[PDB]
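Numbering-wise (the deposited numbering), the sequence shown opens with residue 27 and increments by one.
Backbone N, C-alpha and C fix where the C-beta goes; we use that ideal spot for every residue, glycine too.
Taking it in order: structure first as structure tokens, then the write-up.
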Amino acid sequence: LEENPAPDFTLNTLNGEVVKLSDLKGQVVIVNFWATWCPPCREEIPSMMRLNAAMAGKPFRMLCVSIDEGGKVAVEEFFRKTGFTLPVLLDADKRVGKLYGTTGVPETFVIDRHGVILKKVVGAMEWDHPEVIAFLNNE
């Protein structure tokens, strides 16, 4: 998967909208696969929100794909109790995770301006840290 262009997909947002990875050429993209019931997923959310704020106004899009069987209702609940928020896409049936060849969660893909997959990261990271931020700016 790594070093070859990202497989396309179209999915619903929390609010009836739809996002198609191809129309995002020109921007750097992070596709992250996560779930409300995954303790590592929840460990790294705070650090993923700080990566999002740092990028506001820049040609950058973060896509947090949820695999919760409970969808919008499950993610909405989780966000109500924790106070967290992120740019979520829904994938309850797990087919885009399968398309992406994932094995468990969290798993994160880093995609360049030409739509090519540059990096695959397994497990909770600290997305707020300098090397990552500066790896992204380079792009």
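Taking the alpha carbon of residue i as the point to measure from, which residue in the options has its own alpha carbon closest?
i, options, result
"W153", "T134, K84, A118", "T134"
"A61", "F86, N38, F35, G96", "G96"
"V44", "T129, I137, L89", "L89"
"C64", "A118, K107, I93, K145", "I93"
"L50", "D117, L125, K84", "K84"
"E70", "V131, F35, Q53", "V131"
"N41", "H140, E102, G109", "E102"
"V142", "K120, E165, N38, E157", "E165"
"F104", "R121, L47, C67, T36", "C67"
"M75", "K98, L47, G109", "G109"
Below 8 Å CB to CB, which residues in the same chain sit around residue i once its five sequence neighbours on both sides are set aside?
i, result
"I159", "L77, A80"
"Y126", "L27, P33, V57, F59, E133, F135"
"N30", "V142, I143"
"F35", "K46, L47, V122, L125"
Looking at the structure shown, is residue i part of a helix, part of a strand, or coil, going by DSSP?
i, result
"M88", "strand"
"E133", "strand"
"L116", "strand"
"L40", "coil"
"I71", "helix"
"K124", "helix"
"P156", "helix"
"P33", "coil"
"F105", "helix"
"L77", "helix"
"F110", "coil"
CB-CB under 6 Å to residue i, same chain, minus the five flanking residues each way: which ones, in chain order?
i, result
"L144", "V136, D138"
"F59", "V91, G123, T128, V131, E133"
"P156", "none"
Assign residue i to buried or exposed, taking buried as 16 or more other Cβ atoms, counted over all protein chains shown, within 10 Å of its Cβ.
i, result
"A32", "buried"
"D119", "exposed"
Give every residue of the same chain whose Cβ lies closer than 7 Å to the Cβ of residue i, excluding the five residues on either side of it in the sequence, and list them in chain order.
i, result
"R87", "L50, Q53, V55"
Quick test of the definition: if touching needs 3 or more C-beta pairs under 8 Å, does the region 140 to 151 touch the region 113 to 124? no
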